[PDB]
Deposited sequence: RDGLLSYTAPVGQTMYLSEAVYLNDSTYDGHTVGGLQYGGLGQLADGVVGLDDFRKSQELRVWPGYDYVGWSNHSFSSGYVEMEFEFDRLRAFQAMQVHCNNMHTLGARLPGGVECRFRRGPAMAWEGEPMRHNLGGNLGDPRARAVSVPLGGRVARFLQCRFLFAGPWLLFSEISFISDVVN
């Protein structure tokens, strides 16, 4: 299983198309203050991987968390992650929807910031890694075996929507 403690991510927005699918993190146990769901775990660490179609007894868009390109002036969804121990991070696998006909496309680029201590600022040197198939592909993001305890991954926008369903990590606990 993913040895993650908590993750910070903006609140899931709603796509109002035909019947209006809700793309919110319904299983988020943490508290959502302002425009951030910080200090908790939800749909991005539940083991359940999203289906090829986000619409498919629950409301349409239950197994997904979304964000629109127009609602982010920065152009990226700043997602933070907190871990229990100082681990060496090999790679991050995220299952995103690639439905081009409804705007939900894979991110154009993902850069991550690393830090070992909770009080110190992000070390630096981000690991940035960069279509017709409309199937949900598990995006492989190489983290270069860097030893860190907290992450700050920014998911760039390529399509009008970014629909993540599950975020997994590959790491070994360093002594």
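Gaps in the coordinates relative to the deposited sequence fall at 57-60, 135-138.
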